[PDB]
Amino acid sequence: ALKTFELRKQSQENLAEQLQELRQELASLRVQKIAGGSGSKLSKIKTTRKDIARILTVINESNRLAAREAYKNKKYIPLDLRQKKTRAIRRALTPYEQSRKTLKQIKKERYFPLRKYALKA
Amino acid sequence: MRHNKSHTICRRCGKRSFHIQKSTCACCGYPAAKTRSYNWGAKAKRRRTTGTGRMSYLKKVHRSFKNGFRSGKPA
Amino acid sequence: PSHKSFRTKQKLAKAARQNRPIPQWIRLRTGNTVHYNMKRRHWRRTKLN
Amino acid sequence: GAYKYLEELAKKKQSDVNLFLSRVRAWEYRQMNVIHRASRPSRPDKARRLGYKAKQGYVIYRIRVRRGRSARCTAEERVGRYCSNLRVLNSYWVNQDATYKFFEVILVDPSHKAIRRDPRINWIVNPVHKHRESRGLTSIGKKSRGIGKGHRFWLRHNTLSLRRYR
Amino acid sequence: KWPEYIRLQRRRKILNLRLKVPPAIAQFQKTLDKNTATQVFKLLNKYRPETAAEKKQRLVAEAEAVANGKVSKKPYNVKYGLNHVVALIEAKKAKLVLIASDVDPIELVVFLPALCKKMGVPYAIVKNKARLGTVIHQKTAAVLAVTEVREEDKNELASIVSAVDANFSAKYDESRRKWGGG
Amino acid sequence: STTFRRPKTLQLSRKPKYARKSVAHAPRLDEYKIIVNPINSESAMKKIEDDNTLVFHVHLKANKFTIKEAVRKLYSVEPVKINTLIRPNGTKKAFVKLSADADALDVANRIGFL
Amino acid sequence: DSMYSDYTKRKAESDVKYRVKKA
RNA sequence: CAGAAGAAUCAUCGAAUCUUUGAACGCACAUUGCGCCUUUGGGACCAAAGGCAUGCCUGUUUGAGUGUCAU
RNA sequence: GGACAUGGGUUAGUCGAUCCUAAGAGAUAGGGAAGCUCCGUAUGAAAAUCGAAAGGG
RNA sequence: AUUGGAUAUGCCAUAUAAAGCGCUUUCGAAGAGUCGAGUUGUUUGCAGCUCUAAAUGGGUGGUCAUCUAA
RNA sequence: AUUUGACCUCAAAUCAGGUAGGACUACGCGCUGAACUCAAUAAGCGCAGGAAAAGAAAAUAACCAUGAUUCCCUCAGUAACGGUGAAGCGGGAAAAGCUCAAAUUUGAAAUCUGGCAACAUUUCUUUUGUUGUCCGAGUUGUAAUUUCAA
Ligand SMILES: [Zn+2]
């Protein structure tokens, strides 16, 4: 099968053409199965299916990194590019606004913080 | 003389419990937004509760949680 | 009848595939208790409902 | 500060001025909807001492409920259900008539950044405060369920604790 | 049939002019006369507070002056804000008081005419909160107070105070104890 | 003097700050998925050399325009009629009657299922 | 005044339906 | 069993895909029913991609008001 | 054998559904209810839909 | 590969400020259809309704003691 | 005449950005609630979390006084009510305190969301911010100081 890394160092159109010829080959392999083929062809059906899956994977990755580059350093980005941990974590308070304190509390923690002490036994 | 139907296949829950005239499923309560459930039917709850299906997303979340919900690509 | 809907036909289609005999090679596998079919239905017998 | 004068005037509800204003206002809210937005509170002194600030994020809704359970608690529950993206901060009586009691409910938008960045109201954004009006955690809710401090205000009896060694 | 919002808009007006109004509210719809109001706003136009841009220009100017080589004059402006005005009345620092005639919650201004009379402060009720808003560069100003001016403006400030006395205190002076409306 | 209907306010179109989906989705009904397999049963084989027709097992979402476009883009053969049915097992079978210019035998030979 | 008088006139027949008790 | 031969029905798993539905969201659904908007492609028509639920909040735009006013 | 096993078999612009509506059901604007929700659907709004494989086509 | 907190070390900050403590020659703002009372209902507590407060006042316990609600 | 600009109210948008629903329910908080004290139980309805609730006295006491809440032993099957059935004190587990409204910064709205442009930072090209500029919110009160222990 095609190696994923050398699939990555190619351009969009070549992967598109490789995708197209793979589909021709898969269609040819399946009609051999219907009309009667050898075990090599029946086993080749699976490996060519996986190789199209590899090409779809690398194409989608290249598109998504391209989109992330386009939306890099922006306030709003597509919901697919946004993180998805849980709905609760997304709705929760961020650490910055959990650490926000009034100036009254800032003065209190400036002047009377939790001191470092000890007792002699 | 028994050649009519009272219930049909439900869209939401896939059982032949969706009444035709009333147009409400006796099993899941569709088209009500809330799924029909009753605490006296403990066995009825456990036949349709979570875990009787694929739980495809919940298994995804659990494996994600076990690692602190990290994202990106390793070295 | 001869006026069934698509959903009825599709449900019939898989119900016809479910009651088929089991391939022998899956029986011949090791650690495979499957040696017969316990979901074999017949049209004259129990209805699909 | 004028809020002292506003508060002292609100004490005397049988005054001629208060009676005229209440009747005119209650009439106005009648052909208004049952629940309607109020861009500015009708009792700014009451709203401020109940926790309302004139900043983006605080919402005032006016609700009328018929008389004849606690009307203030019912008003909070209905407004909370009607605005599902808002946390019910508090509520206060504004007006009444022969059959309709009028309340104004203060709500806070937890999704707004002016609320999420304010340390003095940030507590309401936490998920433990979803639908306080329904769980009975508001001022009128606490008073209705009898939560208080003193001899005046079940599971410890219906159980028979069996220790290891006995 | 007209929408319900405009129906209620007209119906509130008719009832406010129809019902028996207690004197504490009846004193409001009697306001200052035209020409006195224009002279009021002509005087206040001189003493409107500095805008945000003017404030920023002053702040950066004094900041760079202090930074490079180095305190300003006494500000003269009209005093706004309900609490700040009420404080000035309490301290008797205010010389003239202007109250908008159409405050939405009327209790916010109902106590003022009694309070200025108790402190002997010249007060007048002027038309529309919007005009006061433009004076102080705001959308809404419920009350304005003039407490200090320049020396050359003291003469006509005394004159307009006498004029508003004549047209608001010498005239009327009975609506505060007359059952208005009806 | 009657029917106080709403005034006409302009209808601003959508001006999003970001697309709701990061990348567009490739066409999900392409000719390769449309034409799944050909039937070579004897009844279909009879139709092959008695009606200039090919019997294809097509995707269950395909409509007559789509198989027409699919076979044209996959075989460059010009059909004249298409008839679709759904088999009792839940699979769509399409009879594509070609034009008299093309030969069903030659197409079957080049596909490789005769 | 005319609008309210018309309102009462229509309510006399169309919007009668007052009978406020439904068990 | 056959089969070719970084393999494997391996483990881990942070990158993706995820069809029709379902709170289910263009309108409906005992119907592979009926639509509309934008763009593209094909040799009017078809196809493809992206969209169109409800209530509420903040802001934007346009308004409506013989509501209050200033010229 | 209608049972079992292996296969094959239902081709529509013109036949039906799909379209329309009847009895009827019911969204919406509003009004109630502690509430899941009931009345309301031409109704005092800044404007439907479903329902017939024996009806109409 | 992450981090959580400290130690050593470097760089920015801007204090013309802010805060704690002892005195007053001073004033000390404090939550209303809420408390409370009558009546009906639920297991003092709560709710419906008539009525409706005060500012060394109000609540609680037997003039005193203790708290400072809405 | 009437044209121009404000403020107020109310609309409309497939406007920009967000949010609510549904599911689980052992534990948690409410509403409601029978029958054979049963039982503030079962059922029904609403709503959360990793705990929930309660919580820094409008509290106990009558003492040489105790001092937020929660849980455990004890008080005690006592007081009380007509079978129901506490609490104070005492011993432990754990401990942590606080925040607003009510007073003028009046020599200066010192406050804040959003748009735009950079700078950054990340469990992360997925996160969270900083500065500058514009508009808006806001004097019908956003900031700083004050919460009775003062
Ligand atoms: Zn169902």
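We number chain B the same way Swiss-Prot does; the residues here are 10-84, in that order.
Backbone N, Cα and C define each Cβ position, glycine as well.
Residues or ranges marked as Zn(2+) binding site in Swiss-Prot: B:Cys19, B:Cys22, B:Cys34, B:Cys37. Same-chain residues at least 6 positions away in sequence with a Cβ under 8 Å from that of B:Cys22 (Zn(2+) binding site) are, in sequence order, B:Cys34, B:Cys36, B:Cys37, B:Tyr39, B:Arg57.
For the zinc finger (B:19-37), the residues of the chain that approach it from at least six positions outside its boundaries are 44-45, 57, judged by C-beta separation under 8 angstroms. Feature annotation from Swiss-Prot assigns zinc finger to B:19-37.
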- Which residues of the same chain, at least 6 positions away in sequence, have a Cβ lying under 8 Å from the Cβ of B:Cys19 (Zn(2+) binding site)? B:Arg25, B:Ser26, B:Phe27, B:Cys34, B:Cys36, B:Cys37, B:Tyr39
- What count of other C-beta atoms do you get within 10 angstroms of the C-beta of B:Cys34 (Zn(2+) binding site), across all chains shown? 24
- Counting every protein chain present, what is the number of Cβ atoms, excluding its own, within 10 Å of the Cβ of B:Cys37 (Zn(2+) binding site)? 21
- Message: Other than B:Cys19, B:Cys22, B:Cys34, B:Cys37 themselves, what residues in this chain have Cβ atoms within 8 Å of the centroid of the Zn(2+) site's Cβ atoms?
- Response: B:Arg20, B:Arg21, B:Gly23, B:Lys24, B:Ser26, B:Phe27, B:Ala35, B:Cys36, B:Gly38, B:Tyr39, B:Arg45
- Item | Coarse DSSP state, helix versus strand versus coil, of B:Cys34 (Zn(2+) binding site) | strand
